[PDB]
Structure formats: structure tokens, C-alpha cells
Protein chains: 2
Amino acid sequence: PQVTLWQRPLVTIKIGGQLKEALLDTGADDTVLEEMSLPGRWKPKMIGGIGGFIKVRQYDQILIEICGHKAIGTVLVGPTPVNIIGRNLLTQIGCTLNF
Amino acid sequence: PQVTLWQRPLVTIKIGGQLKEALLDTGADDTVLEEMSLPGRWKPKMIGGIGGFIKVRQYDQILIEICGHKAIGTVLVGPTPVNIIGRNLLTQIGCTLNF
Ligand SMILES: CC(C)(C)NC(=O)[C@@H]1C[C@@H]2CCCC[C@@H]2CN1C[C@@H](O)[C@H](Cc1ccccc1)NC(=O)[C@H](CC(N)=O)NC(=O)c1ccc2ccccc2n1
């Protein structure tokens, strides 16, 4: 769909059985979800942003459904205020910027 | 222009007589620029991101030329790693997300 930016670009994701809302974020290389229950194997990883760094759990090959579109990728789970869909996944659902 | 997301969405901006590169960021509410010389008054503000909070100088009515589009708005200058154009200016240059 086309999404204007007067409000935050928030979509519904279905991940690991759970429904969440996430921000479509072009300035994020990675996808970072708030602490949740995910099955499996994860690695320790540190990522950075404004303000500094956090330590997150890396899960690879996770299925995510972003606004009814399917994609599989690396998802990081840690202490982020808002769930962020970053560019590793935005390329999979075909998301482009327009101006 | 239409921008795909395989690489970071960077554009050229002209601000305060100076040429910079900045990231078009749909997940940023505000425009945050690294430390640079700007004329006039500024107010102190705290903003947050994933690793915490930073103290920024807020400037209002700043003219900014983003990929040849002129826009007037609030710009925050501070200790950010990369120059960020957030939704307060992206809505003024007519920026939309598409998938
Ligand atoms: C998620 C991750 C992959 C780690 N990437 C990033 O964090 C990169 C790092 C880059 C280098 C440093 C400068 C920022 C850029 C852009 N960011 C993406 C960038 O989109 C990031 C995503 C985000 C949204 C909401 C909350 C937290 C984080 N947003 C931001 O950093 C902007 C900064 C701002 N004042 O506008 N924050 C917000 O717009 C914003 C909104 C609500 C909030 C609620 C609570 C706490 C903080 C909140 N911050």
C-alpha cells in the first residue's frame, strides 16, 4: 500500500505465534524487537544507535509476517522501546521510498 | 526520486551554507544532525534512541535543501553518529513509503 509520514509508519507483524505492531524504519539496518518468547538458538550481539549500545539476542531464519507479506531473516531481540522493522527485511516485502 | 533499500537511503542536503550527507529516516520523528555551525538561537532538549538519551541543541525555522527540495523546520544538532532526516521534514519534501 502507499504510506504517508504524518503519523509513525506502524504495521502489524505476526511473529512466533504472536501479533505485534512495528515501525517501518528505513534508517535501521537491522530488525530489533522488544523482549519476547522465540524458539531456539540465538547468539549474543551488540548493536548501536543514538544514545549508545544495547546487547541483543540474535535469531536467524525467523519467519515474520509484515502487514500480510512473508519474509525470513535475522531478527534481534532486546531492550528496544519500539519494535523496528529494519532494512534487511524491508527489501523482502519490496518496500521503496518515494519523493 | 524512487529509492530502493539494499543500500542506506542517503541524500545530499545543503544546510547553513554547508553540504552534507544525510539518511532519510521514516522511523525518526525528528531531524538530528551532527555537530555543525549554525547561526542563531537554540534551545536545549533531550532526545532518546535505542541506547539511551542525548542532549541536543534545538534550532527552529532552519532552511534545509534535501535533494533539491527546500523545506523549513526544526533541526536538532548534537552528538549523533550520522545525520538523520526524520518525519518532520520528510512530510515536507513529499516523502512516502511503498510496498
Ligand atoms: C535500530 C538500529 C538498527 C540499532 N538502528 C538505529 O538505532 C539507527 C542508528 C543510526 C545511527 C545513530 C543515529 C540514529 C541512526 C538511525 N537509527 C534508526 C532510527 O530510526 C531510530 C529508531 C528508533 C525508533 C524509536 C525508538 C528507538 C529507536 N530512531 C531514532 O533514533 C529517533 C531519534 C529521534 N529523536 O528522532 N527516535 C525517535 O524518533 C524516537 C521515537 C520514540 C521514542 C520513544 C522512546 C525512546 C526513544 C524514542 N525515539
# chains A, B, ... in the order shown; residues from 1 in each chain; ligands from 1
$ residues_near_ligand --ligand "ligand 1" --cutoff "8 Å" --atoms "only C-alpha atoms and all ligand atoms" --output "compact mmCIF listing (two decimals) with C-alpha atoms, in the first residue's frame"
# COMPACT_ATOMS: atom_id res chain seq x y z
CA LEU A 23 7.72 0.70 12.94
CA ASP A 25 12.15 2.09 9.59
CA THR A 26 14.41 2.98 6.65
CA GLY A 27 17.21 4.31 8.90
CA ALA A 28 17.69 0.93 10.68
CA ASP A 29 19.94 -1.66 9.05
CA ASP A 30 18.67 -4.30 11.37
CA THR A 31 15.33 -5.50 12.72
CA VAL A 32 15.05 -5.21 16.54
CA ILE A 47 24.12 -3.01 18.30
CA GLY A 48 24.27 0.76 18.36
CA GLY A 49 22.07 3.82 17.83
CA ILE A 50 21.52 7.33 19.16
CA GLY A 51 22.37 7.34 22.86
CA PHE A 53 24.67 0.48 22.52
CA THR A 80 14.34 -1.52 22.30
CA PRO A 81 11.44 0.91 23.19
CA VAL A 82 9.59 0.21 19.97
CA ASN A 83 9.70 -2.77 17.61
CA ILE A 84 11.60 -1.72 14.46
CA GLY A 86 14.84 -2.53 9.51
CA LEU B 23 19.92 9.47 5.98
CA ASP B 25 14.72 8.08 8.21
CA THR B 26 11.00 7.07 8.36
CA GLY B 27 11.49 5.80 11.92
CA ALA B 28 12.83 9.09 13.24
CA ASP B 29 10.38 11.69 14.50
CA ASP B 30 12.97 14.41 14.47
CA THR B 31 15.85 15.60 12.27
CA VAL B 32 19.14 15.22 14.10
CA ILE B 47 16.03 13.06 22.84
CA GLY B 48 16.16 9.26 23.00
CA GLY B 49 17.02 6.36 20.71
CA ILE B 50 17.98 2.71 21.26
CA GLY B 51 20.96 3.02 23.65
CA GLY B 52 19.57 5.93 25.70
CA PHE B 53 19.28 9.67 25.64
CA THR B 80 24.61 11.70 16.67
CA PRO B 81 26.80 9.28 14.58
CA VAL B 82 25.05 10.01 11.28
CA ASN B 83 22.96 12.86 10.06
CA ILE B 84 19.27 11.86 10.21
CA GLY B 86 13.17 12.42 10.25
$ residues_around --residues "residue A:1" --least-positions-apart "2" --cutoff "7 Å" --atoms "only C-alpha atoms" --output "PyMOL selection string"
(chain A and resi 3) or (chain B and resi 98-99)
$ residues_around --residues "residue B:46" --least-positions-apart "6" --cutoff "8 Å" --atoms "only C-alpha atoms" --output "PDB file with N, CA, C and O atoms, in the first residue's frame"
ATOM      1  N   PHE B  53      19.623   8.297  25.920  1.00  0.00           N
ATOM      2  CA  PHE B  53      19.279   9.671  25.644  1.00  0.00           C
ATOM      3  C   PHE B  53      20.421  10.587  25.294  1.00  0.00           C
ATOM      4  O   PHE B  53      21.505  10.438  25.847  1.00  0.00           O
ATOM      5  N   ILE B  54      20.266  11.494  24.334  1.00  0.00           N
ATOM      6  CA  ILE B  54      21.271  12.535  24.143  1.00  0.00           C
ATOM      7  C   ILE B  54      20.723  13.960  24.313  1.00  0.00           C
ATOM      8  O   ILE B  54      19.524  14.224  24.211  1.00  0.00           O
ATOM      9  N   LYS B  55      21.615  14.878  24.682  1.00  0.00           N
ATOM     10  CA  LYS B  55      21.297  16.311  24.790  1.00  0.00           C
ATOM     11  C   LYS B  55      21.653  16.966  23.453  1.00  0.00           C
ATOM     12  O   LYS B  55      22.749  16.791  22.915  1.00  0.00           O
ATOM     13  N   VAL B  56      20.675  17.647  22.885  1.00  0.00           N
ATOM     14  CA  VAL B  56      20.803  18.256  21.567  1.00  0.00           C
ATOM     15  C   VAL B  56      20.471  19.744  21.640  1.00  0.00           C
ATOM     16  O   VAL B  56      19.822  20.202  22.592  1.00  0.00           O
TER      17      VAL B  56
END
$ atom_distance --atom1 "atom CA of residue B:14" --atom2 "atom CA of residue B:63"
8.8 Å
$ residues_around --residues "residue A:76" --least-positions-apart "2" --cutoff "9 Å" --atoms "only C-alpha atoms" --output "PyMOL selection string"
chain A and resi 30-34+42+45+56-60+74+78
$ select_by_dssp --residues "chain B" --states "strand (DSSP E or B)" --output "PDB file with N, CA, C and O atoms, in the first residue's frame"
ATOM      1  N   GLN B   2      12.641   7.534  -6.840  1.00  0.00           N
ATOM      2  CA  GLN B   2      12.316   6.337  -6.066  1.00  0.00           C
ATOM      3  C   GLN B   2      13.597   5.695  -5.510  1.00  0.00           C
ATOM      4  O   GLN B   2      14.600   5.530  -6.210  1.00  0.00           O
ATOM      5  N   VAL B   3      13.602   5.353  -4.234  1.00  0.00           N
ATOM      6  CA  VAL B   3      14.801   4.839  -3.613  1.00  0.00           C
ATOM      7  C   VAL B   3      14.600   3.370  -3.173  1.00  0.00           C
ATOM      8  O   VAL B   3      13.637   3.060  -2.443  1.00  0.00           O
ATOM      9  N   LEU B  10      20.754   7.427   1.568  1.00  0.00           N
ATOM     10  CA  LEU B  10      21.443   8.683   1.820  1.00  0.00           C
ATOM     11  C   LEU B  10      21.207   9.737   0.774  1.00  0.00           C
ATOM     12  O   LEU B  10      21.290   9.420  -0.407  1.00  0.00           O
ATOM     13  N   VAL B  11      20.958  10.992   1.135  1.00  0.00           N
ATOM     14  CA  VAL B  11      20.882  12.051   0.148  1.00  0.00           C
ATOM     15  C   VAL B  11      21.764  13.217   0.535  1.00  0.00           C
ATOM     16  O   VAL B  11      22.278  13.356   1.645  1.00  0.00           O
ATOM     17  N   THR B  12      21.923  14.109  -0.403  1.00  0.00           N
ATOM     18  CA  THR B  12      22.714  15.299  -0.162  1.00  0.00           C
ATOM     19  C   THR B  12      21.859  16.457   0.304  1.00  0.00           C
ATOM     20  O   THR B  12      20.825  16.788  -0.287  1.00  0.00           O
ATOM     21  N   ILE B  13      22.233  17.065   1.401  1.00  0.00           N
ATOM     22  CA  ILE B  13      21.491  18.213   1.881  1.00  0.00           C
ATOM     23  C   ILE B  13      22.404  19.444   1.897  1.00  0.00           C
ATOM     24  O   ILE B  13      23.627  19.338   2.029  1.00  0.00           O
ATOM     25  N   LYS B  14      21.833  20.626   1.712  1.00  0.00           N
ATOM     26  CA  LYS B  14      22.560  21.865   1.876  1.00  0.00           C
ATOM     27  C   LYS B  14      21.891  22.600   3.031  1.00  0.00           C
ATOM     28  O   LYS B  14      20.706  22.926   3.016  1.00  0.00           O
ATOM     29  N   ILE B  15      22.666  22.769   4.097  1.00  0.00           N
ATOM     30  CA  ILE B  15      22.244  23.431   5.305  1.00  0.00           C
ATOM     31  C   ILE B  15      23.306  24.389   5.875  1.00  0.00           C
ATOM     32  O   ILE B  15      24.501  24.105   5.976  1.00  0.00           O
ATOM     33  N   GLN B  18      26.541  24.893   4.029  1.00  0.00           N
ATOM     34  CA  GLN B  18      27.335  23.651   4.037  1.00  0.00           C
ATOM     35  C   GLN B  18      26.735  22.416   3.382  1.00  0.00           C
ATOM     36  O   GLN B  18      25.534  22.175   3.569  1.00  0.00           O
ATOM     37  N   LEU B  19      27.529  21.596   2.669  1.00  0.00           N
ATOM     38  CA  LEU B  19      26.982  20.414   2.042  1.00  0.00           C
ATOM     39  C   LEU B  19      27.176  19.212   2.902  1.00  0.00           C
ATOM     40  O   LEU B  19      28.307  18.938   3.304  1.00  0.00           O
ATOM     41  N   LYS B  20      26.088  18.501   3.243  1.00  0.00           N
ATOM     42  CA  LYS B  20      26.235  17.247   3.975  1.00  0.00           C
ATOM     43  C   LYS B  20      25.478  16.090   3.371  1.00  0.00           C
ATOM     44  O   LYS B  20      24.801  16.218   2.352  1.00  0.00           O
ATOM     45  N   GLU B  21      25.749  14.895   3.886  1.00  0.00           N
ATOM     46  CA  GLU B  21      25.024  13.686   3.511  1.00  0.00           C
ATOM     47  C   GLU B  21      24.150  13.285   4.668  1.00  0.00           C
ATOM     48  O   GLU B  21      24.555  13.367   5.826  1.00  0.00           O
ATOM     49  N   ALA B  22      22.922  12.902   4.407  1.00  0.00           N
ATOM     50  CA  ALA B  22      22.040  12.525   5.483  1.00  0.00           C
ATOM     51  C   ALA B  22      21.163  11.368   5.110  1.00  0.00           C
ATOM     52  O   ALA B  22      20.903  11.104   3.946  1.00  0.00           O
ATOM     53  N   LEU B  23      20.716  10.669   6.119  1.00  0.00           N
ATOM     54  CA  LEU B  23      19.920   9.467   5.977  1.00  0.00           C
ATOM     55  C   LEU B  23      18.430   9.762   6.010  1.00  0.00           C
ATOM     56  O   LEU B  23      17.960  10.400   6.952  1.00  0.00           O
ATOM     57  N   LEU B  24      17.651   9.384   5.011  1.00  0.00           N
ATOM     58  CA  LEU B  24      16.196   9.537   5.079  1.00  0.00           C
ATOM     59  C   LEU B  24      15.640   8.463   6.001  1.00  0.00           C
ATOM     60  O   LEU B  24      15.621   7.247   5.720  1.00  0.00           O
ATOM     61  N   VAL B  32      17.988  15.058  13.233  1.00  0.00           N
ATOM     62  CA  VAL B  32      19.144  15.215  14.103  1.00  0.00           C
ATOM     63  C   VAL B  32      20.412  15.274  13.249  1.00  0.00           C
ATOM     64  O   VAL B  32      20.688  14.396  12.445  1.00  0.00           O
ATOM     65  N   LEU B  33      21.217  16.304  13.396  1.00  0.00           N
ATOM     66  CA  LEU B  33      22.401  16.469  12.608  1.00  0.00           C
ATOM     67  C   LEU B  33      23.600  16.492  13.519  1.00  0.00           C
ATOM     68  O   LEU B  33      23.543  16.927  14.676  1.00  0.00           O
ATOM     69  N   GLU B  34      24.715  15.962  13.047  1.00  0.00           N
ATOM     70  CA  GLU B  34      25.921  16.016  13.856  1.00  0.00           C
ATOM     71  C   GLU B  34      26.401  17.440  14.060  1.00  0.00           C
ATOM     72  O   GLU B  34      25.930  18.393  13.440  1.00  0.00           O
ATOM     73  N   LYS B  43      17.595  26.216  21.719  1.00  0.00           N
ATOM     74  CA  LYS B  43      17.051  25.753  22.978  1.00  0.00           C
ATOM     75  C   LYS B  43      17.580  24.364  23.320  1.00  0.00           C
ATOM     76  O   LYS B  43      17.891  23.577  22.430  1.00  0.00           O
ATOM     77  N   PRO B  44      17.811  24.020  24.573  1.00  0.00           N
ATOM     78  CA  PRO B  44      18.225  22.689  24.986  1.00  0.00           C
ATOM     79  C   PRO B  44      17.064  21.724  25.011  1.00  0.00           C
ATOM     80  O   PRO B  44      15.946  22.055  25.417  1.00  0.00           O
ATOM     81  N   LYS B  45      17.353  20.511  24.559  1.00  0.00           N
ATOM     82  CA  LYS B  45      16.378  19.429  24.518  1.00  0.00           C
ATOM     83  C   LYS B  45      17.048  18.076  24.718  1.00  0.00           C
ATOM     84  O   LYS B  45      18.227  17.885  24.414  1.00  0.00           O
ATOM     85  N   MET B  46      16.349  17.120  25.302  1.00  0.00           N
ATOM     86  CA  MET B  46      16.842  15.752  25.411  1.00  0.00           C
ATOM     87  C   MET B  46      16.076  14.861  24.450  1.00  0.00           C
ATOM     88  O   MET B  46      14.836  14.951  24.361  1.00  0.00           O
ATOM     89  N   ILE B  47      16.762  14.030  23.665  1.00  0.00           N
ATOM     90  CA  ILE B  47      16.029  13.063  22.841  1.00  0.00           C
ATOM     91  C   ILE B  47      16.548  11.669  23.092  1.00  0.00           C
ATOM     92  O   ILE B  47      17.686  11.483  23.514  1.00  0.00           O
ATOM     93  N   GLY B  48      15.733  10.662  22.834  1.00  0.00           N
ATOM     94  CA  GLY B  48      16.161   9.262  23.004  1.00  0.00           C
ATOM     95  C   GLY B  48      16.125   8.374  21.754  1.00  0.00           C
ATOM     96  O   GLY B  48      15.383   8.587  20.788  1.00  0.00           O
ATOM     97  N   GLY B  49      16.928   7.332  21.794  1.00  0.00           N
ATOM     98  CA  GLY B  49      17.022   6.359  20.711  1.00  0.00           C
ATOM     99  C   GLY B  49      17.223   4.961  21.271  1.00  0.00           C
ATOM    100  O   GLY B  49      16.775   4.724  22.392  1.00  0.00           O
ATOM    101  N   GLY B  52      19.666   4.834  24.759  1.00  0.00           N
ATOM    102  CA  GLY B  52      19.567   5.932  25.697  1.00  0.00           C
ATOM    103  C   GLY B  52      19.276   7.312  25.117  1.00  0.00           C
ATOM    104  O   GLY B  52      18.790   7.517  24.010  1.00  0.00           O
ATOM    105  N   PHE B  53      19.623   8.297  25.920  1.00  0.00           N
ATOM    106  CA  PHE B  53      19.279   9.671  25.644  1.00  0.00           C
ATOM    107  C   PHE B  53      20.421  10.587  25.294  1.00  0.00           C
ATOM    108  O   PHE B  53      21.505  10.438  25.847  1.00  0.00           O
ATOM    109  N   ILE B  54      20.266  11.494  24.334  1.00  0.00           N
ATOM    110  CA  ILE B  54      21.271  12.535  24.143  1.00  0.00           C
ATOM    111  C   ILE B  54      20.723  13.960  24.313  1.00  0.00           C
ATOM    112  O   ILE B  54      19.524  14.224  24.211  1.00  0.00           O
ATOM    113  N   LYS B  55      21.615  14.878  24.682  1.00  0.00           N
ATOM    114  CA  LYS B  55      21.297  16.311  24.790  1.00  0.00           C
ATOM    115  C   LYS B  55      21.653  16.966  23.453  1.00  0.00           C
ATOM    116  O   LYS B  55      22.749  16.791  22.915  1.00  0.00           O
ATOM    117  N   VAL B  56      20.675  17.647  22.885  1.00  0.00           N
ATOM    118  CA  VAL B  56      20.803  18.256  21.567  1.00  0.00           C
ATOM    119  C   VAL B  56      20.471  19.744  21.640  1.00  0.00           C
ATOM    120  O   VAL B  56      19.822  20.202  22.592  1.00  0.00           O
ATOM    121  N   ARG B  57      20.916  20.539  20.672  1.00  0.00           N
ATOM    122  CA  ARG B  57      20.512  21.935  20.609  1.00  0.00           C
ATOM    123  C   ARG B  57      19.374  22.021  19.605  1.00  0.00           C
ATOM    124  O   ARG B  57      19.495  21.553  18.477  1.00  0.00           O
ATOM    125  N   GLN B  58      18.209  22.497  19.960  1.00  0.00           N
ATOM    126  CA  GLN B  58      17.138  22.682  19.022  1.00  0.00           C
ATOM    127  C   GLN B  58      17.142  24.017  18.273  1.00  0.00           C
ATOM    128  O   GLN B  58      17.120  25.092  18.869  1.00  0.00           O
ATOM    129  N   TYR B  59      17.155  23.995  16.950  1.00  0.00           N
ATOM    130  CA  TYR B  59      17.030  25.186  16.129  1.00  0.00           C
ATOM    131  C   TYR B  59      15.736  25.172  15.338  1.00  0.00           C
ATOM    132  O   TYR B  59      15.306  24.189  14.729  1.00  0.00           O
ATOM    133  N   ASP B  60      15.032  26.276  15.340  1.00  0.00           N
ATOM    134  CA  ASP B  60      13.769  26.394  14.613  1.00  0.00           C
ATOM    135  C   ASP B  60      13.923  27.245  13.378  1.00  0.00           C
ATOM    136  O   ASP B  60      14.885  27.996  13.214  1.00  0.00           O
ATOM    137  N   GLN B  61      12.914  27.185  12.532  1.00  0.00           N
ATOM    138  CA  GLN B  61      12.938  27.877  11.252  1.00  0.00           C
ATOM    139  C   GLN B  61      14.167  27.718  10.373  1.00  0.00           C
ATOM    140  O   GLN B  61      14.454  28.578   9.533  1.00  0.00           O
ATOM    141  N   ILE B  62      14.865  26.587  10.509  1.00  0.00           N
ATOM    142  CA  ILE B  62      16.022  26.354   9.656  1.00  0.00           C
ATOM    143  C   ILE B  62      15.674  25.913   8.223  1.00  0.00           C
ATOM    144  O   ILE B  62      14.877  24.983   8.046  1.00  0.00           O
ATOM    145  N   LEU B  63      16.208  26.596   7.200  1.00  0.00           N
ATOM    146  CA  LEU B  63      16.043  26.226   5.794  1.00  0.00           C
ATOM    147  C   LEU B  63      16.965  25.054   5.456  1.00  0.00           C
ATOM    148  O   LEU B  63      18.171  25.073   5.707  1.00  0.00           O
ATOM    149  N   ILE B  64      16.420  24.007   4.881  1.00  0.00           N
ATOM    150  CA  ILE B  64      17.230  22.884   4.506  1.00  0.00           C
ATOM    151  C   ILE B  64      16.875  22.413   3.120  1.00  0.00           C
ATOM    152  O   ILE B  64      15.708  22.296   2.790  1.00  0.00           O
ATOM    153  N   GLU B  65      17.886  22.263   2.266  1.00  0.00           N
ATOM    154  CA  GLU B  65      17.712  21.749   0.908  1.00  0.00           C
ATOM    155  C   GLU B  65      18.119  20.294   0.749  1.00  0.00           C
ATOM    156  O   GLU B  65      19.302  19.974   0.640  1.00  0.00           O
ATOM    157  N   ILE B  66      17.122  19.425   0.707  1.00  0.00           N
ATOM    158  CA  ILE B  66      17.271  17.964   0.699  1.00  0.00           C
ATOM    159  C   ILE B  66      17.045  17.475  -0.692  1.00  0.00           C
ATOM    160  O   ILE B  66      15.927  17.572  -1.207  1.00  0.00           O
ATOM    161  N   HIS B  69      15.016  19.718  -2.893  1.00  0.00           N
ATOM    162  CA  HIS B  69      13.724  20.144  -2.376  1.00  0.00           C
ATOM    163  C   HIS B  69      14.009  21.031  -1.178  1.00  0.00           C
ATOM    164  O   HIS B  69      14.816  20.634  -0.338  1.00  0.00           O
ATOM    165  N   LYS B  70      13.460  22.238  -1.117  1.00  0.00           N
ATOM    166  CA  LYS B  70      13.594  23.091   0.056  1.00  0.00           C
ATOM    167  C   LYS B  70      12.533  22.818   1.094  1.00  0.00           C
ATOM    168  O   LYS B  70      11.375  22.571   0.786  1.00  0.00           O
ATOM    169  N   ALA B  71      12.911  22.850   2.348  1.00  0.00           N
ATOM    170  CA  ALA B  71      11.970  22.633   3.419  1.00  0.00           C
ATOM    171  C   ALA B  71      12.403  23.501   4.611  1.00  0.00           C
ATOM    172  O   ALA B  71      13.609  23.767   4.768  1.00  0.00           O
ATOM    173  N   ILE B  72      11.464  24.029   5.419  1.00  0.00           N
ATOM    174  CA  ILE B  72      11.760  24.852   6.614  1.00  0.00           C
ATOM    175  C   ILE B  72      11.326  24.024   7.828  1.00  0.00           C
ATOM    176  O   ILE B  72      10.207  23.500   7.824  1.00  0.00           O
ATOM    177  N   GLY B  73      12.119  23.856   8.883  1.00  0.00           N
ATOM    178  CA  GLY B  73      11.669  23.069  10.020  1.00  0.00           C
ATOM    179  C   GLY B  73      12.628  23.078  11.195  1.00  0.00           C
ATOM    180  O   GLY B  73      13.652  23.777  11.208  1.00  0.00           O
ATOM    181  N   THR B  74      12.239  22.359  12.252  1.00  0.00           N
ATOM    182  CA  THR B  74      13.139  22.192  13.396  1.00  0.00           C
ATOM    183  C   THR B  74      14.260  21.199  13.123  1.00  0.00           C
ATOM    184  O   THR B  74      14.021  20.097  12.645  1.00  0.00           O
ATOM    185  N   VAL B  75      15.476  21.564  13.460  1.00  0.00           N
ATOM    186  CA  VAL B  75      16.646  20.743  13.269  1.00  0.00           C
ATOM    187  C   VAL B  75      17.255  20.673  14.645  1.00  0.00           C
ATOM    188  O   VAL B  75      17.236  21.670  15.374  1.00  0.00           O
ATOM    189  N   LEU B  76      17.675  19.475  15.053  1.00  0.00           N
ATOM    190  CA  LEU B  76      18.350  19.259  16.330  1.00  0.00           C
ATOM    191  C   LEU B  76      19.828  19.031  16.030  1.00  0.00           C
ATOM    192  O   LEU B  76      20.159  18.203  15.188  1.00  0.00           O
ATOM    193  N   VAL B  77      20.770  19.758  16.590  1.00  0.00           N
ATOM    194  CA  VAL B  77      22.176  19.473  16.314  1.00  0.00           C
ATOM    195  C   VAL B  77      22.787  18.791  17.535  1.00  0.00           C
ATOM    196  O   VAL B  77      22.487  19.191  18.664  1.00  0.00           O
ATOM    197  N   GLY B  78      23.608  17.750  17.387  1.00  0.00           N
ATOM    198  CA  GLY B  78      24.097  17.042  18.548  1.00  0.00           C
ATOM    199  C   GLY B  78      25.068  15.907  18.249  1.00  0.00           C
ATOM    200  O   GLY B  78      25.466  15.665  17.096  1.00  0.00           O
ATOM    201  N   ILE B  84      20.553  12.536  10.379  1.00  0.00           N
ATOM    202  CA  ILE B  84      19.272  11.864  10.208  1.00  0.00           C
ATOM    203  C   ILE B  84      18.200  12.861   9.776  1.00  0.00           C
ATOM    204  O   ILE B  84      18.071  13.889  10.433  1.00  0.00           O
ATOM    205  N   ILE B  85      17.457  12.618   8.686  1.00  0.00           N
ATOM    206  CA  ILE B  85      16.302  13.430   8.292  1.00  0.00           C
ATOM    207  C   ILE B  85      15.074  12.644   8.720  1.00  0.00           C
ATOM    208  O   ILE B  85      14.842  11.567   8.192  1.00  0.00           O
ATOM    209  N   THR B  96       6.958   9.420   0.706  1.00  0.00           N
ATOM    210  CA  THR B  96       6.144   8.237   1.076  1.00  0.00           C
ATOM    211  C   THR B  96       6.845   6.883   1.044  1.00  0.00           C
ATOM    212  O   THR B  96       7.757   6.622   0.257  1.00  0.00           O
ATOM    213  N   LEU B  97       6.361   5.969   1.851  1.00  0.00           N
ATOM    214  CA  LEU B  97       6.818   4.586   1.845  1.00  0.00           C
ATOM    215  C   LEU B  97       5.922   3.778   0.914  1.00  0.00           C
ATOM    216  O   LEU B  97       4.717   4.025   0.878  1.00  0.00           O
ATOM    217  N   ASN B  98       6.452   2.828   0.148  1.00  0.00           N
ATOM    218  CA  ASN B  98       5.658   1.977  -0.737  1.00  0.00           C
ATOM    219  C   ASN B  98       6.037   0.492  -0.765  1.00  0.00           C
ATOM    220  O   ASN B  98       7.212   0.182  -0.811  1.00  0.00           O
TER     221      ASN B  98
END
$ closest_residue --among "A:36, A:89, A:67, A:5" --to "chain B" --atoms "only C-alpha atoms"
A:5
